[PDB]
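Here is the structure we will look at.
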Number of protein chains: 2
Amino acid sequence: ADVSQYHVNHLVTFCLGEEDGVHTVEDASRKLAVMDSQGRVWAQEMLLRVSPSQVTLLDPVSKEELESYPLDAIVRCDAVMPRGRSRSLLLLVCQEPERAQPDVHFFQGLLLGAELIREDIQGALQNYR
Amino acid sequence: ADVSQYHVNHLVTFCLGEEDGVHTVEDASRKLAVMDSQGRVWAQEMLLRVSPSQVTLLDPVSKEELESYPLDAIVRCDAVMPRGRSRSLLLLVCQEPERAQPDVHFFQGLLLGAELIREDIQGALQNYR
Ligand SMILES: [Ca+2]
Ligand SMILES: [Ca+2]
């Protein structure tokens, strides 16, 4: 029942519209690959904080919240390894209240890794449920 | 060169994908109308703050930032009156850095109105430019 924080690299955030073609995890990974080839992916260092009530994204430097997700807004969290890469990516799917559509977020887990963060967030999701 | 704050009602936030069909202001208004008919629009009271460097959305109660937009992330801001309604809506189009696509936001301007807020934000955009 704690607060933890990890340094991750945010790769991309995109919406799941009703007409995009992103239906599976593999489609989400594919889109990241295409955006990368379009020069639309720039690894941004970020602090990812997991607490009993929310997951927060913060600026490592400023230290100010950039985004905050109550746990009930989180749809799923997975450690995913897309074909082509070798280090798992952290996949987070969320639905902010204020938003019409849910979003997909990909982060590189770095040294501690995507699986550990996924487990921490999943544990937080269960205890909240 | 000041900080101002308005009480508004947030109606909807949706992304401008590359495949949705929302290309004009009228298409954006139309989509709000369709989402409303789908029971997907619930007026949420919010504080909208305009400062020399950002536009911020906050909880009237908690008073905590829900969203923050540096002025350079703001694409446009208009007072729009969709056919069917009689009070102008505040339209804000933004592109967060971390996001793959820009977003459309509609708010009701309430007593002070959408035009005054639009002017305030537009004035802030110019001075920043
Ligand atoms: Ca924990
Ligand atoms: Ca002003």
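Chain naming here is simple, since letters A, B, ... match the order of the sequence lines and numbering starts at 1 in each. In what follows, every heavy atom counts, from backbone to side chain, and hydrogens, waters and symmetry copies are set aside.
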Count the heavy atoms of every other residue, nucleotide or ligand shown that sit under 6.0 Å from [atom1] of [X], and state whether that count exceeds 12.
{"X": "A/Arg76", "atom1": "CZ", "answer": "no"}
{"X": "A/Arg87", "atom1": "CZ", "answer": "no"}
{"X": "A/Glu18", "atom1": "CD", "answer": "no"}

Please check this pair: side chain of [X] against backbone of [Y], looking for a donor-acceptor N/O pair closer than 3.5 Å.
{"X": "A/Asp27", "Y": "A/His23", "value": "yes"}
{"X": "B/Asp36", "Y": "B/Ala33", "value": "no"}
{"X": "B/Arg49", "Y": "B/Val3", "value": "no"}

Value rounded to 0.5 Å, distance of [atom1] in [X] from [atom2] in [Y]:
{"X": "A/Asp78", "Y": "A/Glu115", "atom1": "CG", "atom2": "CD", "value": "9.0 Å"}
{"X": "A/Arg99", "Y": "A/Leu16", "atom1": "CZ", "atom2": "CG", "value": "11.5 Å"}
{"X": "A/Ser51", "Y": "A/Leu71", "atom1": "OG", "atom2": "CG", "value": "6.0 Å"}
{"X": "A/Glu65", "Y": "B/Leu66", "atom1": "CD", "atom2": "CG", "value": "10.5 Å"}

If you define the side chain from C-beta out and look only at heavy atoms, does anything of [X] sit under 4.5 Å from [Y]?
{"X": "B/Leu91", "Y": "B/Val93", "answer": "yes"}
{"X": "A/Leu92", "Y": "A/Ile74", "answer": "yes"}
{"X": "B/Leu58", "Y": "B/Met46", "answer": "no"}
{"X": "A/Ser29", "Y": "A/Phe106", "answer": "yes"}
{"X": "A/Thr13", "Y": "B/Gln101", "answer": "no"}
{"X": "A/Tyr69", "Y": "A/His105", "answer": "yes"}
{"X": "A/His7", "Y": "A/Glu45", "answer": "yes"}
{"X": "A/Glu67", "Y": "B/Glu67", "answer": "yes"}

[X] bridged to [Y] by N-O distance under 4.0 Å:
{"X": "B/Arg118", "Y": "B/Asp120", "result": "no"}
{"X": "A/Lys31", "Y": "A/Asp20", "result": "no"}
{"X": "B/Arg129", "Y": "B/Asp72", "result": "no"}

Exercise. What do the steps show when you test A/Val8 against A/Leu90 for side-chain contact (heavy atoms from CB on, under 4.5 Å), and what is the final call?
Worked result: CA-CA 9 Å; A/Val8 303; A/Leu90 175 74; 5.5 Å; no

For this session: Take the angle between the ring planes of A/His10 and A/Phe107 and call it parallel below 30°, perpendicular above 60°, tilted in between.
Result: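 Judged by the thresholds at 30° and 60°, the geometry between A/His10 and A/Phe107 is perpendicular.
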
Write down the atom of [X], the atom of [Y], and the distance for their closest heavy-atom approach.
{"X": "B/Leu11", "Y": "B/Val41", "answer": "O-CG1, 3.5 Å"}
{"X": "B/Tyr6", "Y": "B/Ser4", "answer": "CE1-OG, 3.6 Å"}
{"X": "B/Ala100", "Y": "B/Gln95", "answer": "C-OE1, 4.2 Å"}
{"X": "A/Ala124", "Y": "A/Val50", "answer": "CB-CG1, 4.0 Å"}

Can you get from [X] to [Y] by hopping between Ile, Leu, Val, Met, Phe, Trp and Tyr side chains that sit under 4.5 Å apart?
{"X": "B/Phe14", "Y": "B/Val80", "answer": "yes"}
{"X": "A/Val12", "Y": "A/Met81", "answer": "no"}
{"X": "A/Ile121", "Y": "A/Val25", "answer": "no"}
{"X": "B/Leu89", "Y": "B/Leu110", "answer": "no"}
{"X": "B/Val55", "Y": "B/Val75", "answer": "no"}

Problem set entry | side-chain contact (heavy atoms from CB on, under 4.5 Å) between A/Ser88 and A/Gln108, intermediate numbers included | CA-CA 7 Å; A/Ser88 277; A/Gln108 292 182 119; over 6 Å; no

For this session: State, without any angle test, whether A/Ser68 and A/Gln54 hold a side-chain donor-acceptor pair at a distance under 3.5 Å.
Result: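 Yes, a side-chain donor-acceptor pair sits under 3.5 Å.
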
Exercise. Do B/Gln122 and B/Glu119 pass the side-chain contact (heavy atoms from CB on, under 4.5 Å) test, and can you show the C-alpha distance, the side-chain angles, and the key distance before you say yes or no?
Worked result: CA-CA 5 Å; B/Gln122 199 71 251; B/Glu119 172 182 316; 5.6 Å; no

For this session: Take A/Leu57 and A/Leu48 through the test side-chain contact (heavy atoms from CB on, under 4.5 Å) and record every step on the way to the result.
Result: CA-CA 5 Å; A/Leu57 303 172; A/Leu48 188 161; 3.9 Å; yes

